[PDB]
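Below you will find one chain, with nothing else, as structure tokens; this is the form deposited in one PDB entry, and questions on how it binds or moves follow later.
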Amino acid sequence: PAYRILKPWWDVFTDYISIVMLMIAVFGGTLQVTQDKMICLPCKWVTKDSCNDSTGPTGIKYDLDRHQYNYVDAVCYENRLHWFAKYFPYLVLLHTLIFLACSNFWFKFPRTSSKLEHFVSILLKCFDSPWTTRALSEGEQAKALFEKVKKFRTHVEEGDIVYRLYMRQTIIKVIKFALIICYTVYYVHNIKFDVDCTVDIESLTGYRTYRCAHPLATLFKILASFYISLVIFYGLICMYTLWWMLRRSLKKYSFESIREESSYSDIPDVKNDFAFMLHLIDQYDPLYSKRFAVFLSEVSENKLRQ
């Protein structure tokens, strides 16, 4: 609904990034179940579990059918291949859904969605107010507004809940980024084209060690190296937020910059949880606060009462 203004500039970049993070999780995923087979050949000559080396030349005959090649692929794809290479597309999906759903969980929990639901309502109407024109430079209906916003100020003034949740979201969408890099940089070298496996199934095929190949290992390094670069730019967004979300100390509002402009001084600072909801709407666009900066002044209420 009408929550576009409620999202600052930095949380607009993030909503697009958290999609393209998902696009390379379904594209890498459909490409990993349809395919991501392994090819595997035995090594006749071997030295310590390593394929050492060996008129016109001719092929080598291992005397193996197709099902023995297809059996050893599954073994050397299940056992001697890192779980990160096989599950990378399913894993970035699980994480980006968290990074995404955490943002919107603050809009679904009814203890907090209700407070947002009517706060943006009274600001959206106050923006369109003929009296704000005169103050910036059948009134009894407009008096009920003054009593509404006076009630809605005294209704939400007991404690912080949305400033608690929205502070949790940027506390937990930074730890994840700090957790992602802990494992996604430490396990990307595990994926690689050339794979050697040794699985002890001599009884079936006749060989010990099998050199193998993972053809999509190169295409997953690209997505992974494109993913984590699509997550530090994400992480740089949320870092400046907490730099901005604690330096300001916005437990209350500061109307001191407009009280000179209106020259009324009958408008006091709002105590808690009415500032913060207002503080980011001014960070979105600074007009919507100065038109709401008049409904709290009793002189303006008096001039409206006339």
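For clarity, a rigid core is taken as the largest C-alpha set superposing within 1.5 Å between two forms. For every residue, the number given is its place in the sequence shown, counted from 1.
According to the entry, the deposited sequence places 10 or more unmodelled residues between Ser137 and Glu138. Per the record, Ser263 and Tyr264 are directly connected, with no deposited-sequence residue omitted between them.
FYI, the form deposited in another entry isn't displayed, but the following is about it.
Core superposition between the shown form and the other one leaves every listed residue (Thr184, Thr198, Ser129, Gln169) with a C-alpha shift below 2 angstroms except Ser129. Once the rigid core is overlaid between the shown form and the other one, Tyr253 does not reach a Cα shift of 2 Å, moving by less than that.
Once the rigid core is used as the reference frame, the Cα position of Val46 differs between the shown form and the other one by 2 Å or more.
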